[PDB]
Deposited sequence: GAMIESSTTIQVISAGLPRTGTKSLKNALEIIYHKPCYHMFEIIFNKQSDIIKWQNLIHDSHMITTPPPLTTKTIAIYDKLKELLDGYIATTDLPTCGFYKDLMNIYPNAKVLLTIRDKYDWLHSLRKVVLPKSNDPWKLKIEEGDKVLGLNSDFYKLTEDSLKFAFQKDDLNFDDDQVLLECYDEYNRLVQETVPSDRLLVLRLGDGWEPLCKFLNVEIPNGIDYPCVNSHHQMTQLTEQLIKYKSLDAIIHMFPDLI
């Protein structure tokens, strides 16, 4: 196809929850658009200074209906300046607001089997409080410079996505119910013409068709960020005590 000059603004809003192929999708969108896509990894590896800003936004987000709405929307736009898409926490819970701010953006929902999702979440993002692996995650997190404010953001952005005032994070049934309800609500809320639902394994074709772009030539659809790979990353951070000592060992993930 012909090369055209794409606008550096949010063109794709992905409402999918963590552990549903968001990092692969981030990578895929960057391959298509040649500009950055937001993701939790953007915060962890590039913009830890954003943590307090997302926290403040979530804090004020109950006021979203107006005057207050504009201030909140201004802060969201600021956070996303220079990006062409959003994926993952903390952004995904803001999908409705993002649709208002970026009326010409299309919306994606990444989904998968709910028990596979939960298993993956428990290994990487939200281990049970009595799981010994939680201590290893915390040790690796310290190597990356992530502290309690990072955990607060993770929890608060999950609660915001699930529209809960509090949440028993150690309760699998609660998390599964929230997952199902969240995915159902996205599909009820977003007009179908504006939504593409992507199941893990769908690859380039439906995505590129939805976005009116050619499938990237000779490039396989990304497959990164398995829980196994994250377990290796955690162990290597603990072993070497820095990111820069091992970053070359994780080329597409980081």
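Judged by missing C-alpha atoms, the one gap in the deposited chain sequence falls at residues 66-70.
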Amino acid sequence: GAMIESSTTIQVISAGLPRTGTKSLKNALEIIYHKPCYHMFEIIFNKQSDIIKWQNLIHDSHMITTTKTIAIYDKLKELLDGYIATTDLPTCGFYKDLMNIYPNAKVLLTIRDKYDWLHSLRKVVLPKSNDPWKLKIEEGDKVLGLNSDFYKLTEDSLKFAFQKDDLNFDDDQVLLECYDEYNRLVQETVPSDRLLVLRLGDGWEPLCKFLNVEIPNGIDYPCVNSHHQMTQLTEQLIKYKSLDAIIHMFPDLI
From here on, numbers count along this sequence of modelled residues.
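At least a third of the other compared entries skip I64 while keeping the residues on either side. Looking at 26-34 and 195-203 together, the entry lists the larger mean B-factor for 195-203, computed on C-alpha atoms. Mean CA B-factor, 102-110 versus 163-171: the higher value falls on 163-171. Within the group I215, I51, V224, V186, the record's highest C-alpha temperature factor is found at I215. When all modelled residues of the chain are sorted by CA temperature factor, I44 is found within the middle third. In this PDB entry, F94 carries a Cα temperature factor that places it within the middle third of its chain's modelled residues. Ranked within its chain, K77 lands in the highest third, by CA B factor from the PDB record.
In this PDB entry, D131 carries a Cα temperature factor that places it within the highest third of its chain's modelled residues. In the PDB entry, a CA B factor belonging to the lowest third of its chain's modelled residues is recorded for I4.
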